[PDB]
Protein chains: 2
Amino acid sequence: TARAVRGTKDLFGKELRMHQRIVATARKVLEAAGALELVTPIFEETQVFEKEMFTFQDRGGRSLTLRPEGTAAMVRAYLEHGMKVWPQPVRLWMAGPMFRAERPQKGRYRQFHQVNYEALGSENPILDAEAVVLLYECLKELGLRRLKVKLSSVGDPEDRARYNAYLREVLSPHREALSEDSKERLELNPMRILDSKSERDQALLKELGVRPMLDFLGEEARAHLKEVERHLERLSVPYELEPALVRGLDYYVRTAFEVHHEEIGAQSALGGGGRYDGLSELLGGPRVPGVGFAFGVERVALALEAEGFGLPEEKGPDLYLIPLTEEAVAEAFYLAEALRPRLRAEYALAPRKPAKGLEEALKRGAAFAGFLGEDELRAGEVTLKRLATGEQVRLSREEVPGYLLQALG
Amino acid sequence: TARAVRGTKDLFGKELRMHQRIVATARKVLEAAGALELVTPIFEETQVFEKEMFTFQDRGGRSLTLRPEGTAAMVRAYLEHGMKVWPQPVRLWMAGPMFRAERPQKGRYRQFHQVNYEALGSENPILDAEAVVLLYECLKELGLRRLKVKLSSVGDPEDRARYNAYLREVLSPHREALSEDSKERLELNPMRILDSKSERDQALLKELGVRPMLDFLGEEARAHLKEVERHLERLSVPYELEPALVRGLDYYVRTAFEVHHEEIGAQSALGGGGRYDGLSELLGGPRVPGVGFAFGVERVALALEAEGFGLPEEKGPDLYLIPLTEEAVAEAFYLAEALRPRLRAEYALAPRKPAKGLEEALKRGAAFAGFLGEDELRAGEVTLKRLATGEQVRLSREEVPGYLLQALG
RNA sequence: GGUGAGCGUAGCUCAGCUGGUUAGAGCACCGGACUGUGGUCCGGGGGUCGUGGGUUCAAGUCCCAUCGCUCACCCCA
RNA sequence: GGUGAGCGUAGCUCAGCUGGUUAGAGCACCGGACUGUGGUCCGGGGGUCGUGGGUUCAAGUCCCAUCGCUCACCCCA
Ligand SMILES: Nc1ncnc2c1ncn2[C@@H]1O[C@H](COP(=O)(O)O)[C@@H](O)[C@H]1O
Ligand SMILES: Nc1ncnc2c1ncn2[C@@H]1O[C@H](COP(=O)(O)O)[C@@H](O)[C@H]1O
Ligand SMILES: N[C@@H](Cc1c[nH]c[nH+]1)C(=O)O
Ligand SMILES: N[C@@H](Cc1c[nH]c[nH+]1)C(=O)O
């Protein structure tokens, strides 16, 4: 009567194998670029994540938070282990569970899995271009075609302040034309209005001729973006240039980017990232510029199935033993143990009629069926059937492992 | 100024690789015995674990608990996914983080990692013997010699009740001879007295001639144990027969076992397990007998280092690019991107004096050094130095990937 | 978490007229036809028809509430 | 979490008399000797000597408290 809580699922079979293949490919791609793997704890002190989440208190009274994102934790790792003394920039990657408290729907859960990449210790645009390329290439190496790379810039703080003051200035005399959500947004989060799903809002934005965030980038942010774009253009990486890519937290600066896939539901963002500056100071350290991305293993799985990529059928045991009598069971056990783990060998735990056991072996997709009846037990032998060719040989036990080794090579 | 909380650490380099090797070996060994991999969520509803732990409440008011153990969660998985209709017994294994709230010391943390195995759906002693063998063989396959297998039985509930009434009966008239801890234990948990580290307690136990738990096993539990022992003896698995192996929770019945290693501190238990019956009913289901084990990846790492097993040196990049001028950097980047992820290729982010870059390449253990100066840039070329033989060739860029592929094969 | 909408019939996929008097099919597990061998034939264990109430001579069916699953919005690091 | 004990000097390994007047060494990062090539020579950025108080003419040093790390016990699924 006890169930996994809402927003969390168990993982096994093809789906788990799916996740594993994805993470393996990420490991390969990122480590080819010299990234170093990191694993941070599942919870951190609350302070590191407050800059909607699972928060509690240990007996010591300290407020802890179940990890909602990777980036901040990896910067904390940068600080704690004195990575400032390593050759900069330092590239880190991590794959693991993340926890958020929003209502589920397709591709959005309360416990999900993320792959994260961070390049820390440098402001160079080449790093940004590289991050985009690495995300793109993880997804590509999986096999995915049909992806949309979105690129933009949130600018430096002054720029975003300008854009907000401007959005407010323009939209305030027409607030009654706005839907409720957009009114609430106008009060504090005006750039969210730009992404509104309300048709009337988009219409009003159109007719008021609202300028993009692009037009509000200062000289520095703009030149930086031009360098990034230049690099992506050299590497022939196509990307949609976006009017704006709204980032919530205001330690994000300059480059912002996302990668989308069709189907897989409304939440079409496979992964996203960008540049940040100010994060490590809120963590109590000095100035460490960063650029990095995170993507969702689940949504990538969804995308992979959407494009028809499946997994090669799961390999079955090399030998499946079928005991015909009561006392044979144990013997099978013993025999199986003699063969493991060099071979994969399984056995039935109760006496089976030979046909039923043969069937249970075919169902599990075994290469060999073993028969142990009173004949075999009496001669200290086993019967061996190669299921692919229907061949059958009767062997002494002590000559069996040499047989299977030579047969399965 | 923000640190990982007490009892939790970050993981990278040799230690992480260590963990990974261990889990890989476990995967191999257990799957050779036909176990199926499972991953359950990090938190569950509190009910599944209360039969000292990280407990909280979501906004919905529901009490959740950060996973302190594997077994109960895997039984919950057995129930939820209708595994009663699979061919019994079903064998499951899982590797992942566990969370407990006790004070740390060597080999004992607040977030640690476990490997778990469960065989569910059968009472057959062969399963118990198999579980012991699988634990033993995981550790062995890692490379460990010098292990101590402890085996015993907690008996069926009636038996443990008898043993407790007996311990109380004997020890009560001599309570003043007991240390404080043992008095507290005598009040409720008398079998803990048997494991007391107090010398006076052990002396008193000796002189009162206290009988072992072994002498209190009823016919069923005893015959079961004899079957298990018989199987282990056939497979030549040496094990220390213990007077008692005290289990806390009273859904544990019959077989109990542990595996220990010297050094690695007081907490010398690498892993342990046994049989249970009653767990699935508290989870609201029917009767599902189980036997299984869990071991600590950390303590196994400690044991592996204690016995001198180290990791083969981490492979360095196939190519390390050294830009000599400002404009070469980007070029290096481009070149590196042309080569990934088929090759591992890295690059310096700033102009380096050739010797310093050569040194940075030797330090990172690269196979090839690339030189990009104005000469190379002007001829659209690169310089390539095989560090192992000191050879050096000057190549056009568009003939480089064919070169390295042929060189590194 | 807030707002919606649509689903809840065996472990899984599903049929079942606002009702009708003794709740069904495949898969899955299990046992027997058949003398120790290849994925034919018969039975079998199983469900509080998600849960509680209301209506009724009668509720899987209708009404109400509640819980869960699903998708969408708010939010999005 | 409770009870102990021992440690806190640069990112890492450590030296420094209950005191002495201008805090040190290796590693690591970084720059220059040296004209574009192999793991010699000089400098350099760095520390609130874990933190707060007390003592003193004077505190890394002594006293007190506090926080952290480590190990051991309680507990152990
Ligand atoms: N609640 C969630 N459930 C599943 N996947 C998520 C969730 N939140 C984020 N992701 C994935 O992680 C990526 C980055 O998330 P974010 O941290 O919001 O930038 C997204 O593009 C998704 O692929
Ligand atoms: N707090 C802990 N920290 C590290 N390892 C642990 C911890 N608790 C248990 N283990 C490991 O997990 C095994 C089984 O734990 P238990 O659940 O107590 O049977 C032990 O033998 C240890 O190897
Ligand atoms: N959600 C973050 C994830 C991230 C990874 N690195 C930096 N940020 C983003 O889109 O930017
Ligand atoms: N601590 C448990 C772990 C376990 C795994 N399976 C069953 N039990 C034990 O020793 O028994």
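Numbered from 1 within each chain, the chains take letters A, B, ... in sequence-line order.
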Next item on the list: Could you verify whether a donor N or O on one side chain and an acceptor N or O on the other, from A:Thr71 and A:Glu118, lie under 3.5 Å apart?
Entry: yes
Check: Excluding sequence neighbours, so at least two apart, what forms salt bridge (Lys or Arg N to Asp or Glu O under 4.0 Å) with B:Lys356?
Finding: none
Margin query: As a test of reading the structure: which of D:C76, D:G1, C:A77 is closest to the side chain of B:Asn189, going by heavy atoms?
Written below: D:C76
Margin query: By the 4.0 Å heavy-atom rule, please label B:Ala266 as base, sugar-phosphate, or nothing.
Written below: sugar-phosphate
Next item on the list: Decide if a Watson-Crick or G-U wobble pair links D:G46 and D:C41, counting it only when both distances are under 3.5 Å.
Entry: no
Notebook entry, point to check: Got a sec: does the CD of B:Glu263 have more than 12 other heavy atoms crowding it under 6.0 Å?
Noted result: yes
Next item on the list: Remember a base hit wins even if backbone is also touched, and classify B:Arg352 as base, sugar-phosphate or nothing at under 4.0 Å, heavy atoms.
Entry: sugar-phosphate
Check: Counting side-chain heavy atoms from C-beta on, which of C:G32, C:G1, C:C74 comes nearest to A:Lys356?
Finding: C:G32
Next item on the list: Give one of base, sugar-phosphate or nothing for A:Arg67, where a contact means two heavy atoms less than 4.0 Å apart.
Entry: nothing
Notebook entry, point to check: Can you find a donor-acceptor N/O pair under 3.5 angstrom joining the side chain of B:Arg185 to the base of D:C75?
Noted result: no
Check: With a 4.0 Å cut-off on heavy atoms, is A:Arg364 in touch with a base, just the backbone sugar-phosphate, or nothing at all?
Finding: nothing
Next item on the list: Classify the nucleic acid contact of B:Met83 as base, sugar-phosphate or nothing, counting any heavy atom under 4.0 Å across all strands shown.
Entry: nothing
Note to self: What's A:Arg192 touching, base or sugar-phosphate or nothing? Going by heavy atoms closer than 4.0 Å.
What the structure shows: sugar-phosphate
Notebook entry, point to check: What nucleotide among D:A77, C:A77, C:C75 has an atom nearest to a side-chain atom of B:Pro68?
Noted result: D:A77
Notebook entry, point to check: Taking the same atom, P, in C:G32 and in C:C71, what whole-Å distance lies between them?
Noted result: 44 Å
Notebook entry, point to check: Starting at the 5' end of RNA chain D, which residue's closest nucleotide do you reach first, B:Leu249 or B:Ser196?
Noted result: B:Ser196
Check: ring-ring contact (aromatic ring centres under 6.0 Å, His included) with B:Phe293: which residues, sequence neighbours excluded?
Finding: B:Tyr117
Next item on the list: Please assess A:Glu376 against A:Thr383 for the test side chain to side chain donor-acceptor pair (under 3.5 Å), listing each intermediate value before the final yes or no.
Entry: CA-CA 7 Å; A:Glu376 290 85 9; A:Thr383 309; 2.4 Å; yes
Next item on the list: Before giving the answer on side chain to side chain contact (heavy atoms under 4.5 Å, CB included), spell out for A:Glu69 and A:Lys51 the whole-Å C-alpha distance, their side-chain angles and the decisive distance to 0.1 Å.
Entry: CA-CA 12 Å; A:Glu69 53 125 333; A:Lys51 283 81 89 289; 3.4 Å; yes
Item checked: Whole-angstrom distance between D:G46 and D:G36, as gauged at atom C1' -> 32 Å
Notebook entry, point to check: Both distances under 3.5 Å, Watson-Crick or G-U wobble: does C:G24 pair with C:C14?
Noted result: yes
Next item on the list: Determine, for nucleotides 34-44 of chain C in 5'-to-3' order, which nucleotides have protein heavy atoms under 4.0 Å from the base (write B), from only the sugar-phosphate (write S), or from neither (write -).
Entry: --BBBB-----
Checklist line | Syn-anti status, with the boundary at 90° from 0, for the nucleotide C:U22 | finding: syn
